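Enquirer: Structure for this input, please:
(2 chains)
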Protein chains: 2
Amino acid sequence: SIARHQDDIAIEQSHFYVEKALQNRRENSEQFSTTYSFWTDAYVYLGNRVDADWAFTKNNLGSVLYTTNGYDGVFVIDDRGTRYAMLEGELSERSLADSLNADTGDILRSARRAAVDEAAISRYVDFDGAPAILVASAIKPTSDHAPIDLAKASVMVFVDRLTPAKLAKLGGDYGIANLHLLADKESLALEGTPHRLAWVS
Amino acid sequence: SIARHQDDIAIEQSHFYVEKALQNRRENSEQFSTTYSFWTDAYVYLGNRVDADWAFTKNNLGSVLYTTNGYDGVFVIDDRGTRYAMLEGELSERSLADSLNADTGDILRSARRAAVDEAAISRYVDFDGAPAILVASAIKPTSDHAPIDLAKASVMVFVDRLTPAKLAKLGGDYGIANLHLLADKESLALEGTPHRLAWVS
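Expert: Residues are numbered from 1 along each chain as shown, chains lettered A, B, ... in the order given. Okay, here it is:
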């Protein structure tokens, strides 16, 4: 019953589909993270001492996560810090905390709590000065295994850096013109980061 | 320079986002399928004789694929037919061919060809009278393993049945009103099936 300016309708549509693009991307990475972490073999070879031979050399948690799945950062963390790091498909000694603005302990504790509900967590992070989607889930074995203490579980972390190419393809997948990191246009904040995504509308 | 009826613009937008919803869903399931099939452990325990204890009892390819990932059908096939079937998270003796309209040999051959390019295949199928997204990828070990003959590789198949609830959630994820299986409205065909998806516009 309220007539609206056409520019206002297109601006609302663009905001709706930018938010949906981010939301669908997060939920999908959450299930992907749970697929890799709710895994008995992952629990054996990554939940205690990190077997980088099994993870990287044998490609059970290796470079394909970057060259195929596009996760610029794959990490295993526990109470002592980063136990395994793969940046751009290569093994690294760099910790998760050094590459993030968010608190690593908060990520560890939150992922352990979500695992109770068979869930992962996600959030936006500042990843080396760039916006990124972070998902994390506890490393635990499946129900056929004897129960473990989720309070001491290691946590698997997948970092999705929103590069200009990724934003260009993601916006195209949702019909949004010139989705980019804001350096007139529409914009929204990635909460928990200083970054804002912008687009034409 | 050409002015257009507002109903025509909304109809074109709705078609764009129904097609994008299906496309993004297919591409995502293709990477998920490749994650499960390009796997040395999967090659050992599913690429030859099917170890249902490893797959289902030990939950390495088990009911979570349905109760979490929503794949109503998970199959392993080879030149002799269906070697492993899980319908709605339960082991089954029903073959993939009996539950499909598409040719099982075509799926096997096509997935073996796509594996050369490290890719999966996808298509729409008639799955027990319902529309469905099928993805398939060859079961092969990772590059650290000695090379195998892709012509004799088993193929992993994930079937995503587009139930009314799934279409309701998928359409909502893309701002489409009343996405459903067509029994005035907009419509498109799922090629390779007798099914058409319909929505309000």
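Enquirer: From here on, just use CA atoms for contacts and neighbour counts.
Expert: Noted.
Enquirer: Residues in contact with stretch A:173-188: which ones?
Expert: A:11, A:14-15, A:17-18, A:21, A:131, A:164, A:167-168, A:170-171, A:195-201, B:17, B:20, B:24 (Cα atoms under 8 Å, 6 or more residues apart in numbering or on different chains).
Enquirer: Next to chain B, which bits of chain A? Give me the list.
Expert: A:17, A:20, A:24, A:31-32, A:39-40, A:57-60, A:68-69, A:142-145, A:173-174 (Cα under 8 Å from any Cα of the partner chain).
Enquirer: re earlier: next step: the contacts of stretch A:173-188 restricted to strands.
Expert: Taking DSSP state E as the definition of strands, the contacts of stretch A:173-188 contribute A:131, A:196, A:197, A:198, A:199, A:200.
Enquirer: Buried only: go through the contacts of stretch A:173-188 for me.
Expert: A:11, A:14-15, A:17-18, A:21, A:131, A:167-168, A:170-171, A:195-199, A:201, B:17, B:20 (16 or more other Cα atoms under 10 Å in any protein chain shown).
Enquirer: What segments of chain A are helices?
Expert: Here chain A has its helices, by DSSP state H, at A:6-37, A:40-46, A:52, A:64-67, A:104-116, A:164-173.
Enquirer: got those as a markdown table, with distance to residue B:156 columns?
Expert: Putting the helices of chain A into a markdown table (distance: least, Cα to Cα, whole Å) gives the following:
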| stretch | distance to residue B:156 |
| --- | --- |
| helix A:6-37 | 16 |
| helix A:40-46 | 20 |
| helix A:52 | 27 |
| helix A:64-67 | 18 |
| helix A:104-116 | 28 |
| helix A:164-173 | 27 |
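Enquirer: Could I get the contacting residues of the residue nearest in space to the middle of chain A?
Expert: When chain A is reduced to its mean C-alpha position, the nearest residue by Cα atoms, centre = their mean turns out to be residue A:134, at 2.6 Å. Going by Cα under 8 Å, 6+ apart, residue A:134 touches A:122, A:123, A:124, A:125, A:157, A:158, A:159, A:160.
Enquirer: Would you mind measuring from the fifth one to residue A:5?
Expert: Okay, so that is residue A:157. 44 Å (Cα to Cα, to the nearest Å).
Enquirer: which one of those two has more residues nearby?
Expert: Ranked by neighbour count (other Cα atoms under 10 Å in any protein chain shown), residue A:157 and residue A:5 place residue A:157 first, with 30 against 8.
Enquirer: Which residue, other than its chain neighbours, is closest to that one?
Expert: residue A:136 (4.3 Å; Cα to Cα, 6 or more residues apart in numbering or on different chains).
Enquirer: Across the sheet, point out what pairs with the one you found.
Expert: Under the criterion DSSP bridges, residue A:136 forms beta bridges with residue A:121, residue A:157.
Enquirer: follow-up on the earlier one: top of the contacts of residue A:134 by neighbour count?
Expert: Ranking the contacts of residue A:134 using other Cα under 10 Å puts residue A:157 first, with 30 neighbours.
Enquirer: pretty sure it contacts residue A:71?
Expert: No: taking contacts as Cα atoms under 8 Å, residue A:157 lies outside contact range of residue A:71: 9.7 Å.
Enquirer: what sits against residue A:15?
Expert: Per Cα under 8 Å, 6+ apart, neighbours of residue A:15: residue A:186.
Enquirer: Tell me how far it lies from residue A:197.
Expert: 11 Å.
Enquirer: Same question for residue A:114.
Expert: With the distance defined as Cα to Cα, residue A:114 ends up 28 Å from residue A:197.
Enquirer: can you check residue A:84 too?
Expert: Using Cα to Cα, residue A:84 is found at 30 Å from residue A:197.
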